[PDB]
Each structure stands twice: as C-alpha cells, then as structure tokens.
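Peer 1: What the first sequence shows, in the deposited numbering, is residues 149 to 246, in sequence order.
Sending over a structure as structure tokens; questions will come in a sec.
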Amino acid sequence: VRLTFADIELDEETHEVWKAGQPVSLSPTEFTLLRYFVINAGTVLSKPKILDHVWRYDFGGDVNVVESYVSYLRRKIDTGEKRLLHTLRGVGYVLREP
DNA sequence: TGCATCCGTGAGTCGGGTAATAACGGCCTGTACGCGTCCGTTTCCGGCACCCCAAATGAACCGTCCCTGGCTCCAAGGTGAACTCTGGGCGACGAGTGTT
Numbered sequence: 149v150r151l152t153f154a155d156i157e158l159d160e161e162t163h164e165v166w167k168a169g170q171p172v173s174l175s176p177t178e179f180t181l182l183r184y185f186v187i188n189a190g191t192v193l194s195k196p197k198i199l200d201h202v203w204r205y206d207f208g209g210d211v212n213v214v215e216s217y218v219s220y221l222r223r224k225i226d227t228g229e230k231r232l233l234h235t236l237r238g239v240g241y242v243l244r245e246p
C-alpha cells in the first residue's frame with residue numbers, strides 16, 4: 149500500500165509522492181507516470197510501453213509529449229545529485245538507482 | 001389385157017433363261033494314265049597341299065598434356081575523417097477546460 153524507491157516514497161491510497169520526505173505535487177499525468185515508473189523499478193521502459201500503458205491504448209498523438217512529460221519529471225525529481233531517471237539513447241528510460 | 005393375187009418395206013423413245021425319247025450287247029483301239037528299274041547328278045563328311053592371315057604381344061618414344069616452383073604489380077579488403085541529414089532530447093508558449 150506504500151512504495152519506496154530509494155529516496156522517493158509513494159502512497160497509492162492517497163496517490164501522493166514525497167522526495168526526501170518533502171511532498172512533491174504533480175499533475176495527474178505526472179502522477180500516473182510516476183506510479184508506472186515506481187511499480188517496475190529496475191528495468192528499462194520503452195516509449196511504446198509508456199504510451200501503451202501510462203496513456204490510453206488509443207492515444208495516437210505525437211510521441212514527443214511523453215518526452216516533454218519525462219522532462220517535467222526530471223525537473224523536480226532528479227534535481228538532487230543522485231541521478232534517478234536514466235535515459236538510454238534509442239532504448240528508453242529506466243528508473244534506477246545510479 | 002386386164003386382173004385378181006400375192007407380194008415386198010414401214011410402224012420412234014430409253015423386265016432376264018421357259019423341253020423329249022424303246023435302243024442294247026459285243027468287239028477295237030487309242031490315247032492317256034499307272035507300275036517297276038536304272039543312271040546322271042549333286043551335294044555333302046572330312047581330309048589335306050599347304051594359302052598363309054592375322055589381331056594380339058614385346059618394345060620405343062617423343063611430344064604433350066598433365067603435375068610442382070617461383071614471381072609479381074595490382075586491385076580488392078582494411079584504416080581515416082567529416083557531414084547532412086536523422087533522430088531524439090529540451091524547452092517555452094498558448095487557450096479549451098475540470099470545477100462550485
């Protein structure tokens with residue numbers, strides 16, 4: 149009912165996230181993105197998978213919106229020195245301890 | 001000297017075939033056929049006098065059609081760097097929109 153990846157903590161009952169204990173506010177899109185990253189910590193997620201799950205299976209919009217959303221996440225979640233969300237060129241994104 | 005009295009030519013065109021009587025032995029021969037026998041022919045069994053005839057049994061044998069040897073001198077595989085897209089990554093900006 150309560151998840152924790154390194155410094156980030158997630159509570160699904162209230163759908164909230166704290167970093168280092170500080171509560172970080174997100175859009176619903178960023179929130180569901182973060183839940184989808186934390187549930188499968190360790191493995192690389194590909195962009196088809198992201199739009200396939202995170203977003204509606206019918207979503208046929210441009211991919212770059214998910215890159216921009218991941219950038220939004222990187223603004224305020226990877227602000228610390230310990231880099232969390234690692235980009236793999238041509239592969240996707242992995243939420244993993246460095 | 002008429003005169004009847006024959007007497008001699010017509011008259012065209014492209015399914016078959018229908019019969020009688022006393023005749024009877026006996027001899028001759030004649031041409032055709034049917035017998036028994038003998039001789040020219042001819043045709044092969046195996047022999048030479050040898051005719052030799054020959055494909056098969058030793059050579060070379062030399063040119064040549066295959067092996068081995070070395071040699072290149074080059075054009076293809078290996079070693080560079082850039083760049084113009086090619087693709088992803090980053091970021092900001094704006095109204096249609098979840099809500100009391």
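Beta carbons are placed, not taken as given, at the ideal position from N, Cα and C, and that holds for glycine.
Using the C-alpha atoms, what's the distance from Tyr241 back to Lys224?
Peer 2: 16 angstroms
Peer 1: Taking DSSP as the reference, what is the three-state secondary structure of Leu199?
Peer 2: helix
Peer 1: Applying the criterion that 16 or more other CB atoms from any shown protein chain within 10 Å of the CB defines a buried residue, is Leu236 buried or exposed?
Peer 2: exposed
Peer 1: Closest to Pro176 by CA distance: which of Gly208, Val165 and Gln170 is it?
Peer 2: Nearest option by C-alpha distance: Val165.
Peer 1: Does the separation of the CB atoms of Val172 and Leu243 fall below 8 angstroms?
Peer 2: no
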